[PDB]
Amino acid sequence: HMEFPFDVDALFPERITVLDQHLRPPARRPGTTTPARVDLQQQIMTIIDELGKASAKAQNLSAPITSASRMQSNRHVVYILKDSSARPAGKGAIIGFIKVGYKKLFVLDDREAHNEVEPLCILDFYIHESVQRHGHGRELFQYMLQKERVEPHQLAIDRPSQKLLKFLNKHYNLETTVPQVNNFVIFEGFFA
């Protein structure tokens, strides 16, 4: 649970909200009423900024790798998990996010040859400390896999943490790796 100076439940009606470089405010049920979309977009930018900073602290990074500005200059896609039916039911509570995007990589296969590929990459991924290890990461990962239409073994991971390595092994049996020099991680089956 992390909170904001505005109504997160009104802004994000769905449990998982997908945003891309357009930072498009979700459509609300007819009524309603709604603040100007430019202002709703600013709210979204602030949420992404704060989520990025929170993930950086959790990962012991000196700067965020996720931000509103970087969302707008890159072709990233973020999935944001809110706590629907949070209590007390205040103005909403975001639980975490996952950010993905296609990146051109020079990948080493076994037999150690470099291959130019552009897989979908897991770029940032954070669940609030208070509720880590409760299954929310899996919720978010499963949803992303469905929307992106990809198989787990087809992914590359940008600098996975120890926690993420265990997570990927437990949920998707991604265990054996093919060593790279570019700080990305891929698993057996990536080359199928």
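Whichever C-alpha set is largest while still superposing within 1.5 Å between the two forms counts as the rigid core. For every residue, the number given is its place in the sequence shown, counted from 1.
Farther from the shown form on average, by C-alpha root mean square after a core fit in 7 other deposited structures of this protein, is 169-177, of the stretches 169-177 and 7-15. In 7 other deposited structures of this protein, superposed by the rigid core, the C-alpha atoms of 38-46 lie farther from the shown form than the other of 38-46 and 142-150.
In at least one third of the other compared structures of this protein with flanking residues present, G31 is left unmodelled. Per the compared records, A86 is unresolved in at least a third of the other entries whose models span it. Averaged over Cα atoms, the B-factor as recorded in the entry is higher for 104-112 than for the other of 104-112 and 73-81.
Look at the mean CA B-factor for 134-142 and for 22-30 in the entry; the higher one is 22-30. Per the deposited record, the Cα B-factor of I95 falls in the middle third when ranked against the other modelled residues of its chain. Among the modelled residues of its chain, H153 has a C-alpha B-factor that falls in the highest third according to the deposited record. Split the chain's modelled residues into thirds by C-alpha temperature factor. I186 is in the middle one.
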